[PDB]
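Participant: Just dropping in an experimental structure and the matching sequence.
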Amino acid sequence: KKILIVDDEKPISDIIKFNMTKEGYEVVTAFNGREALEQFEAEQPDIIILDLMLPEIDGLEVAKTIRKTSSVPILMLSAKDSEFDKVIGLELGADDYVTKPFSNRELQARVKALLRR
Ligand code: BEF
Ligand SMILES: [Mn+2]
């Protein structure tokens, strides 16, 4: 299965990529919202892990845009942790929302859980 990881911080991106690889997933990466949409269209990932504070296009806009055409599972992963952030994320179409700092194992488990549907 193929995961698109969207995050503008390379160290965070790398950590997630390392862990999903070790899990057997094919990983594709994007470092801003424009790249996220471009990779989504080119790669057709099975699941997107989606940072919110991004250059070019923010994660909410990315999610809103993707949802015009696709029901691909989206897991938002953000330092933004307020009630408002989580609720708007989910209402815009995120299937799950995980906050930074995060557990690698819990991220793994939630990806498996989302894929399971
Ligand atoms: F910049 Be992500 F919203 F932690
Ligand atoms: Mn960010």
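Facilitator: That came through fine. Numbers count the residues shown, from 1 in each chain. Ligands and ions are numbered 1, 2, ... in the order given.
Participant: so what's the residue nearest the centre of the chain bridging to?
Facilitator: The residue lying closest to the centre of the chain (C-alpha atoms, centre = their mean) is residue 49, at 1.6 Å. Under DSSP bridges, the beta-bridge partners of residue 49 are residue 5, residue 75.
Participant: Report the separation between it and residue 34.
Facilitator: Counting by C-beta to C-beta, to the nearest Å, the gap from residue 49 to residue 34 is 17 Å. Backbone N, C-alpha and C define where each C-beta goes, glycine included.
Participant: just to revisit the earlier point, the residue nearest to the centre of the chain and residue 12 touch, don't they?
Facilitator: No - judged on C-beta atoms under 8 Å, residue 49 makes no contact with residue 12 at a distance of 10.3 Å.
Participant: what's the overlap in contacts for those two?
Facilitator: Residues touching both residue 49 and residue 12 by C-beta atoms under 8 Å, 6 or more residues apart in numbering: none at all.
Participant: How about stretch 92-112 and ligand 1, any contact?
Facilitator: Yes - interface with ligand 1: stretch 92-112 contributes residue 100 (C-beta under 6 Å from any ligand atom).
Participant: What number of residues are in the vicinity of residue 116?
Facilitator: 7 (other C-beta atoms under 10 Å).
Participant: how far away is it from ligand 1?
Facilitator: The gap separating residue 116 from ligand 1 is 25 Å, by C-beta to the nearest ligand atom, to the nearest Å.
Participant: C-terminal to the helix or strand where residue 77 lies, what's the next element?
Facilitator: According to DSSP states H and E, residue 77 maps onto strand 74-78. Past strand 74-78, further along toward the C-terminus, the next helix or strand under DSSP H and E is helix 83-92.
Participant: Just the buried positions in that following helix, please.
Facilitator: Neighbour counts over helix 83-92 (16 or more other C-beta atoms under 10 Å) mark 85, 86, 88, 89, 92 as buried.
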